[PDB]
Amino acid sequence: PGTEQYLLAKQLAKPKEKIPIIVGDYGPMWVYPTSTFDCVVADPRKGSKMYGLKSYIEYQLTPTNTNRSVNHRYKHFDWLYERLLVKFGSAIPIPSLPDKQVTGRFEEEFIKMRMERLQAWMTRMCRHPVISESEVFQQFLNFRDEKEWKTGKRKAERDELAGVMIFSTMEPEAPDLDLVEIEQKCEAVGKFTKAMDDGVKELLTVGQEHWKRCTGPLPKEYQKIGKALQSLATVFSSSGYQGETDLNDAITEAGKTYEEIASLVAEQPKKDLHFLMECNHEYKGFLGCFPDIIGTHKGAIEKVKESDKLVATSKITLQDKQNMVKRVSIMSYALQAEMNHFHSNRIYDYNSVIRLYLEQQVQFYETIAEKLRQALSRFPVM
(Lines of atoms letter the chains of each structure in order from A and count residues from 1; the text may use other names and numbers.)
(Lines give C-alpha, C1' and ligand atoms only; values in the text may rest on other atoms or scores of the structure.)
Protein backbone atom coordinates (compact mmCIF):
# COMPACT_ATOMS: atom_id res chain seq x y z
CA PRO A 1 0.00 0.00 0.00
CA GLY A 2 0.90 3.66 -0.54
CA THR A 3 0.23 4.13 3.17
CA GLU A 4 3.76 2.85 3.76
CA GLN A 5 5.09 5.56 1.47
CA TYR A 6 3.71 8.29 3.70
CA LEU A 7 4.94 6.70 6.96
CA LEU A 8 8.36 5.67 5.64
CA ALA A 9 8.92 8.32 2.89
CA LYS A 10 12.51 9.61 2.49
CA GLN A 11 10.68 12.83 3.32
CA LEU A 12 12.54 16.06 3.83
CA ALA A 13 9.75 17.24 1.54
CA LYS A 14 8.92 20.85 2.48
CA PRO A 15 5.27 21.50 1.44
CA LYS A 16 3.86 24.21 -0.78
CA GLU A 17 0.27 24.34 0.52
CA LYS A 18 0.35 24.01 4.31
CA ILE A 19 -2.77 23.03 6.25
CA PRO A 20 -2.69 24.13 9.90
CA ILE A 21 -4.41 22.28 12.74
CA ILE A 22 -4.75 23.80 16.21
CA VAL A 23 -6.14 22.81 19.59
CA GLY A 24 -9.02 25.13 20.42
CA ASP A 25 -11.03 24.99 23.62
CA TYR A 26 -12.51 21.59 22.92
CA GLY A 27 -10.27 19.46 20.74
CA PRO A 28 -8.11 19.78 17.60
CA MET A 29 -9.73 21.79 14.80
CA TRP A 30 -9.10 23.26 11.33
CA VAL A 31 -8.24 26.94 10.97
CA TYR A 32 -11.31 28.89 9.83
CA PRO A 33 -10.90 32.06 7.69
CA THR A 34 -12.32 35.23 9.27
CA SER A 35 -14.34 35.80 6.10
CA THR A 36 -16.58 32.90 5.09
CA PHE A 37 -17.93 32.93 1.54
CA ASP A 38 -20.52 30.80 -0.24
CA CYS A 39 -21.21 30.13 -3.91
CA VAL A 40 -24.41 30.66 -5.84
CA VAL A 41 -25.26 28.04 -8.46
CA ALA A 42 -27.83 29.33 -10.94
CA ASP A 43 -28.95 30.74 -14.29
CA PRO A 44 -28.73 27.56 -16.37
CA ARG A 45 -28.38 28.15 -20.13
CA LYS A 46 -27.18 26.21 -23.18
CA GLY A 47 -23.52 26.07 -24.22
CA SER A 48 -21.43 25.25 -27.31
CA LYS A 49 -17.93 24.52 -28.67
CA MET A 50 -18.50 23.55 -32.32
CA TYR A 51 -21.08 20.90 -31.43
CA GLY A 52 -24.41 21.81 -32.96
CA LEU A 53 -27.66 21.29 -31.06
CA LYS A 54 -26.71 18.51 -28.62
CA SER A 55 -26.43 21.61 -26.46
CA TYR A 56 -25.38 21.02 -22.85
CA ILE A 57 -26.70 22.84 -19.77
CA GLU A 58 -24.04 25.17 -18.36
CA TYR A 59 -24.57 26.59 -14.87
CA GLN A 60 -23.24 29.87 -13.50
CA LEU A 61 -21.19 30.18 -10.32
CA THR A 62 -21.10 33.38 -8.28
CA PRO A 63 -19.11 33.26 -5.06
CA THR A 64 -20.59 35.89 -2.68
CA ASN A 65 -16.94 36.63 -2.07
CA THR A 66 -15.89 38.56 -5.19
CA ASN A 67 -19.19 38.33 -7.10
CA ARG A 68 -17.34 37.58 -10.38
CA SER A 69 -19.12 34.81 -12.29
CA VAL A 70 -17.79 31.84 -14.25
CA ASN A 71 -19.67 29.08 -16.08
CA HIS A 72 -19.58 25.30 -15.70
CA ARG A 73 -21.34 22.36 -17.32
CA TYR A 74 -22.29 19.41 -15.12
CA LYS A 75 -19.30 17.37 -16.33
CA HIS A 76 -17.06 20.03 -14.81
CA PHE A 77 -18.48 19.55 -11.30
CA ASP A 78 -18.06 15.79 -11.62
CA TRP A 79 -14.48 16.57 -12.53
CA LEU A 80 -13.91 18.67 -9.38
CA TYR A 81 -15.60 16.00 -7.25
CA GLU A 82 -13.12 13.37 -8.45
CA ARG A 83 -10.11 15.70 -7.95
CA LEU A 84 -11.24 16.46 -4.38
CA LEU A 85 -11.81 12.82 -3.60
CA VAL A 86 -8.37 11.90 -4.95
CA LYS A 87 -6.65 14.69 -3.10
CA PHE A 88 -8.54 14.97 0.22
CA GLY A 89 -10.54 11.73 0.35
CA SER A 90 -8.27 9.99 2.84
CA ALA A 91 -8.91 12.73 5.40
CA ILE A 92 -12.12 14.53 4.58
CA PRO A 93 -15.46 13.05 3.58
CA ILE A 94 -16.35 14.24 0.08
CA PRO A 95 -20.14 13.99 -0.36
CA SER A 96 -20.86 12.48 -3.78
CA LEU A 97 -22.80 14.29 -6.53
CA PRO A 98 -26.24 13.35 -7.95
CA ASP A 99 -26.49 10.99 -10.95
CA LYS A 100 -28.13 10.73 -14.39
CA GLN A 101 -31.95 10.79 -14.48
CA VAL A 102 -34.15 10.09 -17.53
CA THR A 103 -33.16 11.00 -21.11
CA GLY A 104 -35.30 14.15 -21.17
CA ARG A 105 -32.62 16.10 -19.35
CA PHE A 106 -33.44 19.58 -20.69
CA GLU A 107 -36.15 21.09 -18.44
CA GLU A 108 -37.41 22.07 -14.96
CA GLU A 109 -37.86 18.61 -13.42
CA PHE A 110 -34.27 17.71 -14.24
CA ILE A 111 -31.97 20.75 -14.26
CA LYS A 112 -33.82 22.40 -11.35
CA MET A 113 -33.67 19.70 -8.65
CA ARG A 114 -30.17 19.09 -10.00
CA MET A 115 -29.20 22.76 -9.74
CA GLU A 116 -30.77 22.25 -6.31
CA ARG A 117 -28.50 19.49 -5.01
CA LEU A 118 -25.50 20.99 -6.84
CA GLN A 119 -26.02 24.18 -4.87
CA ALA A 120 -26.06 22.26 -1.59
CA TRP A 121 -22.90 20.38 -2.63
CA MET A 122 -21.06 23.59 -3.57
CA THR A 123 -22.04 25.26 -0.29
CA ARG A 124 -20.60 22.42 1.79
CA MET A 125 -17.33 22.70 -0.14
CA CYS A 126 -17.22 26.51 -0.03
CA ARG A 127 -17.74 26.39 3.76
CA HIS A 128 -15.04 23.80 4.38
CA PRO A 129 -11.92 25.46 5.86
CA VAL A 130 -9.52 23.18 3.95
CA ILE A 131 -11.31 22.49 0.67
CA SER A 132 -12.25 26.10 -0.02
CA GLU A 133 -8.62 27.20 0.45
CA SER A 134 -7.17 24.58 -1.88
CA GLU A 135 -5.71 25.59 -5.22
CA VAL A 136 -7.90 23.29 -7.28
CA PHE A 137 -11.01 24.71 -5.64
CA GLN A 138 -9.91 28.35 -5.81
CA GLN A 139 -8.94 28.02 -9.48
CA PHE A 140 -12.23 26.25 -10.25
CA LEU A 141 -14.05 29.42 -9.22
CA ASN A 142 -11.55 32.03 -10.42
CA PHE A 143 -10.44 31.44 -14.00
CA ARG A 144 -10.87 33.96 -16.83
CA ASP A 145 -10.77 31.92 -20.06
CA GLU A 146 -10.27 28.52 -21.68
CA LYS A 147 -6.53 29.06 -21.24
CA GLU A 148 -6.55 29.16 -17.44
CA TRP A 149 -9.22 26.47 -17.15
CA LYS A 150 -7.08 24.10 -19.23
CA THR A 151 -3.83 24.85 -17.42
CA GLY A 152 -5.52 24.55 -14.03
CA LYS A 153 -7.13 21.31 -15.14
CA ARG A 154 -3.65 19.93 -15.81
CA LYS A 155 -1.62 20.73 -12.69
CA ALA A 156 -4.57 19.49 -10.60
CA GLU A 157 -4.78 16.19 -12.47
CA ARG A 158 -1.05 15.88 -11.84
CA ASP A 159 -0.87 16.87 -8.17
CA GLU A 160 0.73 13.83 -6.53
CA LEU A 161 0.05 15.31 -3.10
CA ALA A 162 -3.06 13.17 -2.75
CA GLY A 163 -4.24 9.96 -1.16
CA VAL A 164 -2.50 9.40 2.17
CA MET A 165 0.27 11.79 1.14
CA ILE A 166 -2.13 14.64 1.96
CA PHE A 167 -1.24 14.31 5.66
CA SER A 168 2.32 15.37 4.81
CA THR A 169 1.03 18.87 4.08
CA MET A 170 -0.57 19.13 7.52
CA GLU A 171 1.09 20.90 10.44
CA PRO A 172 -0.58 20.25 13.81
CA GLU A 173 0.39 22.84 16.42
CA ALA A 174 0.34 20.58 19.48
CA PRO A 175 2.28 17.72 21.12
CA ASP A 176 2.60 14.27 19.56
CA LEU A 177 -0.05 11.74 20.55
CA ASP A 178 0.84 8.25 21.77
CA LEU A 179 -0.40 5.23 19.81
CA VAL A 180 -2.82 4.15 22.56
CA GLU A 181 -4.78 7.41 22.39
CA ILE A 182 -4.64 7.36 18.61
CA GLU A 183 -6.15 3.90 18.32
CA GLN A 184 -9.01 4.79 20.69
CA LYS A 185 -9.86 8.03 18.89
CA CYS A 186 -10.02 6.09 15.65
CA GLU A 187 -12.18 3.39 17.19
CA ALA A 188 -14.57 5.94 18.66
CA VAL A 189 -15.08 7.68 15.32
CA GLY A 190 -15.55 4.35 13.55
CA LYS A 191 -18.24 3.42 16.06
CA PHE A 192 -20.14 6.73 16.05
CA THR A 193 -20.31 7.04 12.28
CA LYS A 194 -21.57 3.45 11.98
CA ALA A 195 -24.25 3.96 14.63
CA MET A 196 -25.42 7.24 13.08
CA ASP A 197 -25.38 5.67 9.62
CA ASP A 198 -27.90 3.12 10.92
CA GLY A 199 -29.87 5.81 12.72
CA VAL A 200 -29.97 7.89 9.55
CA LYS A 201 -30.99 4.93 7.40
CA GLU A 202 -33.88 4.21 9.77
CA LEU A 203 -35.21 7.79 9.50
CA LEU A 204 -34.98 7.80 5.71
CA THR A 205 -36.98 4.55 5.68
CA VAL A 206 -39.93 5.57 7.84
CA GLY A 207 -39.75 8.86 5.99
CA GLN A 208 -40.43 7.45 2.54
CA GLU A 209 -43.09 5.14 4.01
CA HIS A 210 -44.97 8.10 5.48
CA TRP A 211 -44.38 9.94 2.19
CA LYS A 212 -45.97 7.25 0.00
CA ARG A 213 -48.80 7.19 2.55
CA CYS A 214 -49.49 10.96 2.46
CA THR A 215 -49.65 10.92 -1.35
CA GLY A 216 -51.40 7.59 -1.82
CA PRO A 217 -54.03 6.05 0.56
CA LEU A 218 -54.49 8.91 3.05
CA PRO A 219 -55.59 11.52 0.49
CA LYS A 220 -58.03 9.00 -1.00
CA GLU A 221 -59.72 8.55 2.38
CA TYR A 222 -60.57 12.21 2.87
CA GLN A 223 -61.54 12.04 -0.77
CA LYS A 224 -64.07 9.24 -0.18
CA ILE A 225 -65.59 10.89 2.89
CA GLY A 226 -66.03 14.09 0.91
CA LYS A 227 -67.77 12.46 -2.03
CA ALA A 228 -69.83 10.31 0.33
CA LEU A 229 -71.11 13.48 2.06
CA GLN A 230 -72.01 14.98 -1.31
CA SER A 231 -73.86 11.93 -2.59
CA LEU A 232 -75.88 11.99 0.61
CA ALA A 233 -76.66 15.72 0.41
CA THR A 234 -77.75 15.29 -3.19
CA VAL A 235 -80.20 12.61 -2.11
CA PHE A 236 -81.46 14.90 0.64
CA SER A 237 -81.97 17.72 -1.83
CA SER A 238 -84.51 15.53 -3.63
CA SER A 239 -86.72 14.84 -0.58
CA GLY A 240 -89.29 17.41 -1.63
CA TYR A 241 -89.41 18.42 2.03
CA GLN A 242 -89.26 22.13 2.95
CA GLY A 243 -86.69 24.50 4.45
CA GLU A 244 -83.81 22.09 3.85
CA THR A 245 -81.72 24.08 1.34
CA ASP A 246 -80.14 25.29 4.57
CA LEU A 247 -78.56 22.01 5.67
CA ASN A 248 -77.94 20.38 2.28
CA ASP A 249 -75.80 23.30 1.12
CA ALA A 250 -73.68 23.06 4.26
CA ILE A 251 -73.32 19.32 3.70
CA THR A 252 -72.29 19.76 0.07
CA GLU A 253 -69.63 22.26 1.20
CA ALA A 254 -68.38 20.03 4.00
CA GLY A 255 -67.89 17.34 1.38
CA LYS A 256 -66.01 19.78 -0.84
CA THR A 257 -63.90 20.85 2.12
CA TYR A 258 -62.73 17.26 2.62
CA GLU A 259 -61.70 17.19 -1.03
CA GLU A 260 -59.56 20.34 -0.56
CA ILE A 261 -58.11 18.60 2.49
CA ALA A 262 -57.28 15.47 0.47
CA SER A 263 -55.28 17.60 -1.99
CA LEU A 264 -53.61 19.58 0.80
CA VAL A 265 -52.65 16.26 2.40
CA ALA A 266 -51.12 14.97 -0.83
CA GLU A 267 -49.07 18.14 -1.23
CA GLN A 268 -47.76 18.48 2.31
CA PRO A 269 -44.62 16.28 2.08
CA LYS A 270 -42.97 18.73 -0.33
CA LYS A 271 -43.12 21.44 2.31
CA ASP A 272 -41.68 19.59 5.31
CA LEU A 273 -40.81 15.90 5.03
CA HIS A 274 -38.91 16.58 1.83
CA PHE A 275 -36.36 18.70 3.67
CA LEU A 276 -35.92 16.28 6.54
CA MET A 277 -35.21 13.55 4.00
CA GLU A 278 -32.76 15.67 1.99
CA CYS A 279 -30.74 16.52 5.07
CA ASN A 280 -30.59 12.82 5.95
CA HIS A 281 -29.78 11.88 2.34
CA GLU A 282 -26.80 14.23 2.36
CA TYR A 283 -25.62 12.85 5.72
CA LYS A 284 -25.74 9.25 4.49
CA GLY A 285 -23.51 10.53 1.70
CA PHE A 286 -21.00 11.89 4.23
CA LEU A 287 -21.20 8.84 6.47
CA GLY A 288 -20.70 6.65 3.42
CA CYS A 289 -17.14 8.04 3.14
CA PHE A 290 -15.98 6.97 6.60
CA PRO A 291 -15.48 3.22 6.09
CA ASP A 292 -12.54 4.03 3.78
CA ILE A 293 -11.16 6.91 5.87
CA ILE A 294 -11.19 4.74 8.97
CA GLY A 295 -9.70 1.85 6.99
CA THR A 296 -6.79 4.08 6.03
CA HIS A 297 -6.27 5.24 9.62
CA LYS A 298 -6.61 1.70 10.99
CA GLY A 299 -4.19 0.44 8.37
CA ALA A 300 -1.72 3.13 9.45
CA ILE A 301 -1.92 2.17 13.11
CA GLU A 302 -1.26 -1.47 12.22
CA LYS A 303 1.94 -0.58 10.34
CA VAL A 304 3.24 1.44 13.26
CA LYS A 305 2.31 -1.48 15.53
CA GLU A 306 5.00 -3.40 13.64
CA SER A 307 7.70 -0.76 13.81
CA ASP A 308 9.28 -2.43 16.85
CA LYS A 309 9.59 -5.77 15.08
CA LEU A 310 11.04 -3.88 12.11
CA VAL A 311 13.66 -2.12 14.27
CA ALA A 312 14.50 -5.42 15.98
CA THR A 313 14.98 -7.31 12.69
CA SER A 314 16.87 -4.25 11.43
CA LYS A 315 14.36 -3.81 8.58
CA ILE A 316 14.26 -0.09 9.49
CA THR A 317 16.19 2.31 11.74
CA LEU A 318 15.19 3.92 15.03
CA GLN A 319 14.73 7.27 13.27
CA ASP A 320 12.31 5.70 10.80
CA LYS A 321 10.24 4.22 13.63
CA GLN A 322 9.86 7.65 15.22
CA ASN A 323 8.96 9.26 11.91
CA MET A 324 6.18 6.69 11.65
CA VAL A 325 5.04 7.57 15.15
CA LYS A 326 5.19 11.29 14.37
CA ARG A 327 3.32 10.96 11.09
CA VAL A 328 0.56 8.68 12.39
CA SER A 329 0.06 11.28 15.12
CA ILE A 330 -0.60 13.91 12.46
CA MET A 331 -3.20 11.63 10.85
CA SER A 332 -4.96 11.44 14.21
CA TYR A 333 -5.03 15.23 14.43
CA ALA A 334 -6.58 15.52 10.98
CA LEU A 335 -9.22 12.94 11.80
CA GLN A 336 -10.14 14.80 14.98
CA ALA A 337 -10.24 18.19 13.25
CA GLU A 338 -12.53 16.81 10.53
CA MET A 339 -14.70 15.11 13.14
CA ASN A 340 -14.99 18.42 14.88
CA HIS A 341 -16.09 20.16 11.69
CA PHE A 342 -18.61 17.37 11.12
CA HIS A 343 -20.15 17.39 14.62
CA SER A 344 -20.38 21.19 14.63
CA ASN A 345 -22.34 21.22 11.35
CA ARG A 346 -24.36 18.11 12.23
CA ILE A 347 -25.73 19.81 15.31
CA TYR A 348 -26.56 22.97 13.41
CA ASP A 349 -28.07 21.09 10.42
CA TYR A 350 -30.30 18.77 12.41
CA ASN A 351 -31.46 21.51 14.71
CA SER A 352 -32.48 23.62 11.73
CA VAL A 353 -34.15 20.96 9.64
CA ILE A 354 -36.10 19.50 12.55
CA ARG A 355 -37.28 22.98 13.65
CA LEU A 356 -38.27 23.62 10.03
CA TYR A 357 -40.12 20.31 9.79
CA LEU A 358 -42.00 20.86 13.07
CA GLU A 359 -42.99 24.45 12.12
CA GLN A 360 -44.40 23.36 8.79
CA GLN A 361 -46.32 20.47 10.39
CA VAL A 362 -47.86 22.81 12.97
CA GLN A 363 -48.93 25.11 10.15
CA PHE A 364 -50.33 22.12 8.25
CA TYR A 365 -52.61 20.91 11.06
CA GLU A 366 -53.73 24.44 11.95
CA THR A 367 -54.68 24.93 8.30
CA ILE A 368 -56.69 21.68 8.30
CA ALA A 369 -58.42 22.83 11.50
CA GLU A 370 -59.25 26.22 10.00
CA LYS A 371 -60.79 24.62 6.92
CA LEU A 372 -62.89 22.36 9.10
CA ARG A 373 -63.90 25.31 11.27
CA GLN A 374 -65.07 27.18 8.13
CA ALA A 375 -67.20 24.30 6.94
CA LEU A 376 -68.70 24.12 10.44
CA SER A 377 -69.68 27.81 10.58
CA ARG A 378 -71.89 27.14 7.55
CA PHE A 379 -74.18 24.71 9.38
CA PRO A 380 -77.38 26.21 10.81
CA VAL A 381 -77.61 25.68 14.53
CA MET A 382 -80.37 23.04 14.77
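Numbers follow the displayed sequence, beginning with 1.
- Of the two stretches examined, 142 to 150 and 295 to 303, the record assigns the greater average C-alpha temperature factor to 142 to 150.
- In this entry, 104 to 112 shows the higher mean Cα temperature factor of the pair 183 to 191 and 104 to 112.
- Between the residues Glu253, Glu244, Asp272, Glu135, it is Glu244 that shows the highest Cα B-factor in the PDB record.
- If you compare the C-alpha temperature factors of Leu335, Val353, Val328, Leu53 in the entry, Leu53 comes out highest.
- Sort the chain's modelled residues by C-alpha temperature factor and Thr215 lands in the highest third, per the entry.
- Placement of the Cα temperature factor of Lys155 within the chain: highest third of the modelled residues, per the deposited record.
- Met324: CA B factor in the middle third of modelled residues in this chain (values from the PDB entry).
- Among the modelled residues of its chain, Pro93 has a C-alpha B-factor that falls in the lowest third according to the deposited record.
- Per the deposited record, the Cα B-factor of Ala13 falls in the highest third when ranked against the other modelled residues of its chain.
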